Amino acid sequence: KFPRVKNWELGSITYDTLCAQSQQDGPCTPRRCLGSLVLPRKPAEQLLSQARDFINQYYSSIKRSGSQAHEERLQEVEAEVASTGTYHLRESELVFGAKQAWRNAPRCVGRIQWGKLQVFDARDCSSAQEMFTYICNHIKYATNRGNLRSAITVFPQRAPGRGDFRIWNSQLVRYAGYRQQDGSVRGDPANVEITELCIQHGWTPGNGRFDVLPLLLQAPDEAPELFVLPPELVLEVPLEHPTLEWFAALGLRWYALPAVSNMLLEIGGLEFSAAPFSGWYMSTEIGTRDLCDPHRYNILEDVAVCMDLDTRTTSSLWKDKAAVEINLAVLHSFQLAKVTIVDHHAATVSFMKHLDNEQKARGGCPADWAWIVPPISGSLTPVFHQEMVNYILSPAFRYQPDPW
Amino acid sequence: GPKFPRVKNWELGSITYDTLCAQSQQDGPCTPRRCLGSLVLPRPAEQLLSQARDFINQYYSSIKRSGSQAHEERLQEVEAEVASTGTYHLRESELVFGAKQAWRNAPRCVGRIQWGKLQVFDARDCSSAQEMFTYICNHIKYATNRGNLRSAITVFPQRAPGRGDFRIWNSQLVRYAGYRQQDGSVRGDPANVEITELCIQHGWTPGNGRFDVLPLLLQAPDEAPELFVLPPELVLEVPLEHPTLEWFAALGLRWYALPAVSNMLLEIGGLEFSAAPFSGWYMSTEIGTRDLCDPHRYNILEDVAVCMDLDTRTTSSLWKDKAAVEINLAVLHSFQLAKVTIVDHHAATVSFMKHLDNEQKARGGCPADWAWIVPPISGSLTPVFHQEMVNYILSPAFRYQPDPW
Ligand code: HEM
Ligand code: HEM
Ligand SMILES: Cc1cc(N)nc(CCc2cc(N)cc(CCc3cc(C)cc(N)n3)c2)c1
Ligand SMILES: Cc1cc(N)nc(CCc2cc(N)cc(CCc3cc(C)cc(N)n3)c2)c1
Ligand SMILES: C[C@H](O)[C@H](O)[C@H]1CNc2nc(N)[nH]c(=O)c2N1
Ligand SMILES: C[C@H](O)[C@H](O)[C@H]1CNc2nc(N)[nH]c(=O)c2N1
Ligand SMILES: [Zn+2]
């Protein structure tokens with residue numbers, strides 16, 4: 001009933017009791033595990049019991065569980081749902097909910113920071129114009145001249161009678177991908193489709209490898225609108241290498257701020273279709289995935305040739321050697337430019353501390369092993385040797401369909 | 001779409017559906033409420049006969065004689081044997097098919113492209129520990145083939161009703177001793193402290209090195225295990241050196257050629273083979289990353305980084321990643337120089353992708369444990385990282401079994 005969870009490096013055992021609080025089914029069954037899938041295929045009464053559960057979470061968090069303020073808030077929500085089929089969160093509850101969604105996020109290795117999150121309430125937004133202003137403030141706040149600060153901005157919730165507020169971009173800052181005649185891509189191949197949408201909605205495209213995309217913001221039931229981010233708001237870091245001088249000449253660069261803008265924040269049965277959030281990078285995201293993935297910037301071979309490695313055979317481990325230097329260039333360049341970054345060793349070590357904190361606090365912590373273990377040097381980090389239980393707790397970040 | 005798991009490769013954008021998981025007759029550890037996929041060990045004549053029938057059906061399908069007289073007659077023969085004895089026995093070619101199918105079905109093995117090429121040694125006539133030793137020595141000689149390694153398995157008699165099991169106490173046929181020191185530390189391989197201490201208790205005179213090959217503790221039914229030293233000339237080892245770092249040879253590191261698992265249960269059609277050691281060749285990351293660099297194993301990362309003169313006082317110099325790469329390169333280079341079969345993690349995972357494609361066409365899927373298939377260094381640099389995988393238990397299977405002590 002309660003899974004035994006072992007660390008194979010240290011020989012220590014815990015039992016996860018938190019997982020019994022999951023009310024939401026994942027993709028696995030006893031016949032087969034689908035834990036490696038990225039996206040698997042998945043009324044008053046239901047809303048009212050999610051609302052109640054969450055309000056119960058909130059009053060318990062402020063050690064006022066059972067008080068008058070608690071009973072009366074439950075009645076307000078009941079009264080509101082029974083009349084209108086929905087209800088609204090107080091700001092303090094929203095702040096609690098956002099932090100809890102982050103805490104509960106099984107694919108996030110940065111969760112030791114969960115208690116430290118700036119929550120901007122943007123639920124009084126009524127136009128794409130206003131959305132843009134809120135997004136510009138978020139970026140300015142979060143960026144903080146390189147001293148990055150975790151933030152979320154929460155736009156108006158989904159409503160039965162109408163379309164969603166949506167940010168069409170997957171991140172607030174992304175580079176364009178331009179499909180060429182010859183079928184190759186100039187820029188970031190992950191972004192070809194959003195780049196084409198921006199052009200279709202009136203953007204004058206660039207022609208570089210690192211052109212920052214405009215935002216396509218959508219107010220309910222209206223065509224999305226295009227807004228260019230003022231270049232001064234978008235902090236970027238040129239990549240150099242500590243010892244390899246030719247590396248700067250690659251002209252490589254990356255932006256400071258990872259800010260997810262296409263996920264749905266669910267709190268107490270309410271759904272927030274636009275709720276972009278940002279922290280700071282772990283270096284492997286840039287060094288290994290963004291720059292080295294074969295379907296991304298795919299620079300490995302170029303770096304290897306510059307390093308004069310033998311690219312003829314896999315057994316020279318030229319790929320591994322080049323990937324290491326690229327990750328080192330990322331860490332050094334962010335450190336030089338005084339922009340917050342964490343390496344995968346420091347990050348996984350802080351995650352292990354988080355696992356221990358959450359064991360004491362809640363009797364468990366949902367974690368997706370495949371996402372927590374970094375994409376290089378897996379077993380050289382302490383998380384490789386740690387068993388993990390994966391389940392869905394609410395409040396939660398979820399995937400949602402693309403608006404187009 | 002189709003009512004089967006949809007499986008995506010995120011590098012290539014291609015999709016498949018796994019229909020093979022429909023054949024699974026055994027539950028894994030996951031439920032809709034929680035995924036337990038990362039757990040290393042997840043926790044009568046009626047049951048036997050249905051398992052036997054199933055296996056015999058698998059056999060007759062594979063030789064394209066499904067529904068035939070010979071098929072119906074073998075079915076009849078199996079249930080009559082079970083009806084009078086409680087068990088039955090496999091024909092020789094049924095054992096061959098079953099052993100290969102068990103390797104084919106193993107979700108955690110990246111080497112499965114080779115599955116059809118497995119020498120099956122039938123040792124079901126073995127009746128003593130002395131004879132097990134002879135059989136094991138012959139397996140080692142054949143499998144090692146002076147460096148040109150060959151996949152093999154040796155199968156000892158099956159579990160019987162109210163008779164003891166054949167067991168090899170060692171987890172592998174070749175392992176290094178781990179000696180617990182007075183300071184609490186371990187000289188040798190810390191993974192092998194317990195088996196080393198069992199060998200000593202059973203009369204082995206222990207060495208005092210970092211790479212002492214362990215003796216075999218072999219158990220015939222209802223007898224105490226008996227101790228057997230492998231004659232050194234049979235155990236091929238590879239001294240470790242680096243292609244450009246000249247001091248690496250001075251570390252005195254080495255590893256053995258033959259990875260041979262000896263504590264797993266081979267299950268075929270309800271029958272349980274408690275002693276059935278099998279061997280392949282190494283993937284280089286097994287040695288260079290896990291055996292040598294695991295903090296709870298030889299733990300040599302720091303030593304090697306100091307020699308390379310790296311900054312070991314901070315994580316952001318990536319000293320661990322740099323040392324690990326050179327240790328891995330040294331492993332590959334030394335095996336190559338010594339002419340001993342080895343495969344790097346890039347060639348292995350590329351061949352595994354080919355195997356997934358083969359099995360898609362042959363069987364409509366392939367059970368795979370993502371966390372085990374993706375190598376422990378350079379994960380996303382290999383094609384399997386971007387491949388979604390479905391994990392399920394098919395039979396015939398290799399299973400874990402409790403330690404005999
Ligand atoms: C403070 C710095 C943070 C670091 C270093 C960090 C680290 C990471 C990493 C490495 C991933 C996997 C990224 C990928 O491979 O796509 C991730 C995922 C995720 N993080 Fe964080 N995180 C941070 C802050 C945050 C914040 C502030 C939130 C929200 C309030 C958050 C919520 C999430 C969610 C929902 C995912 C899963 C995204 C997906 O499924 O695509 N994290 N985190
Ligand atoms: C031919 C060369 C082979 C290669 C390169 C190879 C590769 C591997 C690797 C790297 C692992 C994971 C090892 C670990 O991290 O503990 C593994 C596991 C496994 N392989 Fe292979 N393999 C080969 C041959 C074989 C053979 C001949 C068999 C049996 C007939 C086999 C069956 C298994 C099984 C049952 C496991 C799971 C062990 C466990 O759960 O602890 N493989 N293989
Ligand atoms: C469209 C899409 C869907 C899906 N399931 N997975 C991806 C993978 C790529 C990716 C997508 C997003 N939206 C955000 C990140 C950064 C993740 C991140 C977030 C934060 C807050 C900090 C940090 N260091 N990294 C990476 C894309
Ligand atoms: C602590 C622990 C307990 C337990 N029961 N199982 C494990 C898994 C680790 C492992 C255990 C054994 N016995 C053999 C290998 C070599 C795997 C191998 C086999 C073959 C045949 C070829 C190859 N390249 N590698 C790996 C760990
Ligand atoms: C198929 C596989 O599950 C997929 O490639 C996952 C693996 N682990 C990951 N881990 C992180 N952090 N981010 C990812 O995008 C992925 N991709
Ligand atoms: C906790 C985790 O399940 C455990 O460390 C696994 C991860 N993947 C592995 N993969 C392989 N091939 N071998 C292993 O021993 C492990 N260990
Ligand atoms: Zn699962």
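Reckoned from all heavy atoms, side chains included, excluding hydrogens, waters and symmetry mates. Within every chain, numbering begins at 1; the chains are lettered A, B, ... in the order of the sequence lines, protein sequences first and strands thereafter.
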- Query: Is the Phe165(A) to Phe155(A) ring centre distance short of 6.0 Å?
  - Reply: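 Ring centroids of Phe165(A) and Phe155(A) are no less than 6.0 Å from each other.
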What are the two closest non-hydrogen atoms of [X] and [Y], and how far apart are they?
X	Y	value
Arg31(A)	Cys21(B)	NE-O, 3.4 Å
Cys365(A)	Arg111(A)	SG-NH1, 3.5 Å
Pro395(A)	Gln57(A)	CD-OE1, 3.7 Å
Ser261(A)	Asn169(A)	OG-O, 2.8 Å
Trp370(B)	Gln387(B)	CD1-O, 3.3 Å
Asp164(A)	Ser273(A)	CB-OG, 3.4 Å

- Message: Taking the side chain as everything from C-beta on, heavy atoms only, tell me whether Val390(B) gets closer than 4.5 Å to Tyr17(B).
- Response: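 Side chain of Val390(B) against side chain of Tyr17(B), heavy atoms only: no contact under 4.5 Å found.
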Taking atom [atom1] of [X] and atom [atom2] of [Y], what is their separation to the nearest 0.5 Å?
X	Y	atom1	atom2	value
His296(B)	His385(A)	NE2	NE2	5.5 Å
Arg363(B)	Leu20(B)	CZ	CG	5.0 Å
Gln23(A)	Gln46(A)	CD	CD	12.0 Å
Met389(B)	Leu34(A)	CE	CG	13.0 Å
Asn7(A)	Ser12(A)	CG	OG	4.5 Å
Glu267(B)	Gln26(B)	CD	CD	8.0 Å

Exam field: side chain [X] to backbone [Y], donor-acceptor pair closer than 3.5 Å:
X	Y	answer
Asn192(B)	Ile195(B)	no
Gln157(A)	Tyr87(A)	yes
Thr381(A)	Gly378(A)	yes
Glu388(B)	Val7(B)	no

- Decide yes or no on side-chain contact (heavy atoms from CB on, under 4.5 Å) for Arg4(A) and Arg43(B), but give the supporting numbers first. CA-CA 9 Å; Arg4(A) 169 198 140 300; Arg43(B) 208 94 320 111; 3.7 Å; yes
- Verify the neighbour count for atom CZ of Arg399(B): are there more than 12 heavy atoms of other residues, nucleotides or ligands below 6.0 Å?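 Enclosed.
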- Query: For the side chain to side chain contact (heavy atoms under 4.5 Å, CB included) test, which of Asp16(A), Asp25(A), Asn104(A) pairs with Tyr391(A)?
  - Reply: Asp16(A)
